[PDB]
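Chain and residue survey
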Amino acid sequence: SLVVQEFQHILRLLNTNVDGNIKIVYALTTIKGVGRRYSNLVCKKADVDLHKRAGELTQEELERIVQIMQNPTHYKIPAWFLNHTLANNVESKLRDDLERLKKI
Amino acid sequence: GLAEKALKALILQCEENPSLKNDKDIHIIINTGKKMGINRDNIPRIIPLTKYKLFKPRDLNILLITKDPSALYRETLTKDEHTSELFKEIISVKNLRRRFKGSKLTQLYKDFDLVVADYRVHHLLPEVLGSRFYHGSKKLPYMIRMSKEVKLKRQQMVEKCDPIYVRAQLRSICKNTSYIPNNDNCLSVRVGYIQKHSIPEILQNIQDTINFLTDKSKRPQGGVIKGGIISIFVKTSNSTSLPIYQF
Amino acid sequence: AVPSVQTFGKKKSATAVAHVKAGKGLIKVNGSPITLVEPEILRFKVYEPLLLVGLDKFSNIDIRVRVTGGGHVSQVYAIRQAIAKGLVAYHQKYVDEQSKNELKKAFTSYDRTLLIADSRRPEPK
Amino acid sequence: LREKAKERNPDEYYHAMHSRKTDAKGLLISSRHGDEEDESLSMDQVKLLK
Amino acid sequence: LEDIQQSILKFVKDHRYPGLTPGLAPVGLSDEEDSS
Amino acid sequence: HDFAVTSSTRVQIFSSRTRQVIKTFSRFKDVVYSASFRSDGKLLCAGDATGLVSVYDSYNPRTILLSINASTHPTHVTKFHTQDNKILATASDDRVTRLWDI
Amino acid sequence: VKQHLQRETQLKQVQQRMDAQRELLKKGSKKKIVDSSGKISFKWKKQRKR
Amino acid sequence: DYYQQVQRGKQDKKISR
Amino acid sequence: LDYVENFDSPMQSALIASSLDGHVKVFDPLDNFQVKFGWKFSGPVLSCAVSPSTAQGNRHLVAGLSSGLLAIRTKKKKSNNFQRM
RNA sequence: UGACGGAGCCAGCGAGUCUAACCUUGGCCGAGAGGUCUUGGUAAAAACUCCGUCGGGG
C-alpha cells in the first residue's frame, strides 16, 4: 500500500535567489535580466522539459545550467543571446544682455 | 615595408587619443587612376577573404527583412534549429512600415548590428528603413537569395526556403567584407577590427583585397578597377589618413 | 436581355449598390459570398433581410452587392438596406404586386430602416 | 468649374445621353477609337481579317 | 563551320531584379560545411 | 473523443483521433489531484491540494470560471453529479464531503 | 544560311497557330480537350459537313 | 612617431598651395 | 477501477481493474467476474480508463503509471453525357 | 479599466516646374572659386474584430 516516486523552497543560485513555483524560463530570466528566448536556448542546451515547475529539476541539471551560464562564450552562444554650469553660463549671458538693453 | 610602421603608429595613437578611442574598424583608400564608370547604388558587392574570417555570425545582432506573408520563412527559420539561434529578428516589410515610423527607426539603427534583406525586397526598402541607414558603408543592408530557385520567364516561381543555404550565405557575409562602387576614383573598403585580430591578419587581408579588386576576371566583381592604382591609405573613421604605396 | 434591378443603400458615409438579376440563388458581397461579411458580430444584422422572409425568395435570384465608404458598422447597415430594397423592388418588377406587399409588410413590421434612410439630420433646439 | 457644378440643375436632359456612358466612380468614359460603332467587330469581318 | 554546317542539314540570372548577379552571395564548400 | 489526465500541477486534455496533447491547464499552486468533465461535456472540475477547486470551461483554458474554496485540507476528489447536471459533489481530505451547488 | 533556316521554322510555327485558330472560327461542333502538359486541343464531333 | 609627421605634410602642402 | 457497458463487443459489459503492478486486468459481470484479459505495464499503475460506450471512433485504453508514464493502446476503426447515355 | 505577437478589415477632406535639415573624417582635380567621390555624428489611417503567448518604476 505504498507508492514509489522520484523538492525545495526558494532556492539560491549564482549568489541570487531563484523562484520556486514559476517555470524555468522565468527562473533563468530572473537570473539577472537575460533574455527569455536565451533562457529557452539554455533549456534546450540542458535538454530539459520547458514547462516543469521550479520545485522539480534537481541539482545536477541545475549545475549544468550554472556551467552554461557562467560560460556563454564557450558553448557557441552569441552576445545578443548575452548582452549645468552651462546653464549658469546662459543665465549670466541673459542678465548681461538685459543689463545692456535696459541701460540703453 | 612601411605599411606595418604606419599601422603600428596609428594603432598606438588610436588607443591614446580620446576621440579616436571610440571607433572600431579600419578603412582602406584605393585611389584608381581613371574613375570607375559604375554608377553608385547600395547593392554592396562582396569580396572574399581567404585567410581570415572577420566577424562571427554567432556574435552579431541580425535583422532579417523578408517578403510579404512571412509565414513560411518565419516558421521555417525558427523551427529548423540550424538557424533558430541565428537571427535576432524577422520582420516582413508590411510590419516594418506599420510598426516603425518616426525615430523608433533610429532606435532600430542603434540596436541592430547587421541588416539583411530578401533580394526582391531590397530595392523597395530605402523608404521604410529610412535615410540614416544609408550613411557610408556601416549598416547598408545586404541582400540574399532565399529560396535558391530561378524564375524562368513567364513561369510562376515556386516559393520555398532552405535554412542550410541561408545560413551558408550569412556565414559568407559575416566572414568576409564588401565594397560599393563609385562614379569617382577613390573608394574605401571596410577591413579590420580593433581588438579582434592583428597586423599579419590585416596585412594579408589588404593583399587579398587589392588582388581581388585588380583581378582581371570575375567581371561584375573582380574586374572592376580600371587604370593604374595609385595609393592606399589606412585610417579608422575619425582619424587622419596614413599613406601607403605611392607608385 | 436579363431581368435586372439596381437599388442603393446608405448609412453615415457608406454606400451599397445591389444588382438583382434572375438566376440560381447566390448572394455575394464585393466578390465574396455573403457568409463572410466581416465584423462577424453583425453578420446577423446582414442575415436578417434573408431570414425575415425565408430563403426561397433568394433561391431564385442572384443578388450581388458592392459597398464603399464608412467603417465597419456603417458598411453593415448599407449592405442590408440595399439588399432589402433590392428584393422588394425586384418583386414589384418581375413577379406580382401582392408579393411586393407581403415582403414590405415583413420588413417594415420588423424594422422600417431596412427600407428608408435613417438620416439623423441635425436639430437647432 | 466649381460654380457650374453648383448650378448643375439635376433635371436637365440632353439627347446624347443615349449614346454616352459612365463609370461606377462617376466620371464619364470616352472611347479611344472615336464613334458609336467604332468599339468592336463582327465575326465575318474578323474571319476575313484572319 | 562543322557545328553550324551540321545545323543547315539536320550566376543565377533573372528577368526583373538585376541587383542579383551583382549582389549574390558567392558561397563555398568550407562556408557550407564548417559546422560551427 | 477527448480525455483529461492529471500530473504534477498540470491537467492535460489529450485528444483521441490524434492521440496527442490538445490543451493544458496549469494555473494551480500546488499539485492538482482530480480532474473530471461534467455530464454534458462542457465544464472541467479540478481540485488541488491547497484545498480549492476550480471549475472551468473545458477546451477553454483561460476562463477560471468558478473557484470554490473547500476545506483547508486538500480535496482529493472533485466530481460532478451525473444525474443532475449542476451539483458538484466534492470530497476532501478533511474527512467530510460536500455537495456544493455551482 | 543557318539564320535563314531559323527564320523559316519560326514563321512555320506562327502559321500553325494562326491556322488552327481560323479553323476554330469556321463551323462544326468542337470539343475543347486539355492535355497533361498544359497544351489544349480541339476535337470535332463526328459529323459530315453537308 | 609618424602621425604628426604626415599631419605636417598635409598642413604644409595646403598652405604652400 | 472502471466500468463500461454496451460497446461493440462479444463482451456486453466490461470492468477493468488496475493493480499497481503493471497489471491491468479486465473482468465481466455476466460471466461472474472471471478474469478475461490482462496487460502488464511496467511500473506500478495508478489509473486506467477505456473510452466510453459512445465512442463512434477509435476506442482507447489509457493507463497512467506511478513513475510519470502514460501508456496508450488504441483500437482504430464520368461525363454527364456518359451517364445520361 | 491590460501587455506581446501575428492575421483579417474600413474612411473623408489635401494635388502652384512646387516639398524642404545640420555637422564631420579624408581622397581626387583646379592657379582659385569651387567641383567630384569617401567617412562618422546628431533634427525630423487608428480604433475594432480574430488566433496564439504573458500574468510597481530608476
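Each value, and the rule that gives it
Residues numbered from 1 in each chain as written, not as in the entry; some residues may be left out. Chains lettered and ligands numbered in written order. Part of a larger assembly, values for the part shown. Heavy atoms only, no water. Residues with missing side-chain atoms left out of burial classes, pairs and counts. UniProt positions renumbered as here; feature names shortened; annotations may be inferred. Helix = DSSP H or I, 4+ residues; strand = E, 2+ residues; numbered from the N terminus. Polar contact = N/O pair within 3.5 Å; in protein donor to acceptor, adjacent residues only side chain to side chain. Contact = heavy atoms within 4.5 Å. Pairing = 2+ DSSP bridges. Axes fitted to C-alpha atoms, helices over the stretch in contact; angles between N-to-C directions. Nonpolar A, V, L, I, M, F, W, Y, C, P; charged D, E, K, R; others polar.

Under the PDB entry, the name given to chain F is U3 small nucleolar RNA-associated protein 15, and the source organism is Saccharomyces cerevisiae. Under its PDB header, the title given for this structure is "Cryo-EM structure of the 90S pre-ribosome from Saccharomyces cerevisiae, state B2".

Under the PDB entry, chain C has the name 40S ribosomal protein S16-A and belongs to Saccharomyces cerevisiae. Taken verbatim from the UniProt record of chain C, the Subcellular location comment is "Cytoplasm".

Some details on the side chain of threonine 177 of chain B
Residues and elements named next belong to chain B. If you trace the backbone, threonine 177 turns up in strand β7 (residues 177-178). Within polar-contact distance, the side chain of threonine 177 engages the backbone oxygen of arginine 190 at 2.8 Å. With sequence-adjacent residues up to four places away left out, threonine 177 is seen in contact with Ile46, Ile47, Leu49, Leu54 and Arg190.

Things to note about the sheet that holds strand β1 (residues 2-5) of chain I
All names here are of chain I. Read across the sheet, 4 strands follow the order β1-β2-β3-β4 without closing on themselves; strand pairing throughout is antiparallel. Single-partner strands in this sheet number two, and they are β1 and β4 (37-40). Adjacent strand axes in the sheet meet at a mean angle of 15 degrees, parallel and antiparallel pairs treated alike. Two elements, strand β2 (residues 13-18) and strand β3 (residues 23-27), share 4 bridges in a ladder whose sense is antiparallel. Along β3, the bridge assignment pairs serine 18 with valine 24.

Details of the sheet that holds strand β6 (residues 52-57) of chain F
Residue and element names in this part refer to chain F. Ordered in space as β4-β5-β6-β7, the 4 strands form an open sheet in which the pairing is antiparallel. Across the chains shown, the open sheet's two edge strands, defined by having one partner strand only, are β4 (32-37) and β7 (66-69). Adjacent strand axes in the sheet meet at a mean angle of 15 degrees, parallel and antiparallel pairs treated alike. Pairing geometry for strand β5 (residues 43-48) and β6, over 5 bridges, is antiparallel. Among the inter-strand pairings, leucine 44 is bridged to a residue of β6, identified as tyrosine 56.

What to know about the interface of chain E and chain B
Quoted interface sizes are often the accessible area lost when the parts come together. Contact with chain E, which involves 21 residues of that partner, is made by 23 residues of chain B. Considering every element that reaches the side of chain E that touches chain B, the biggest residue donor is helix α2 (residues 20-23) of chain E, with 4 residues. A class-by-class count of the residues in the side of chain E that touches chain B yields 8 nonpolar, 6 polar and 7 charged.

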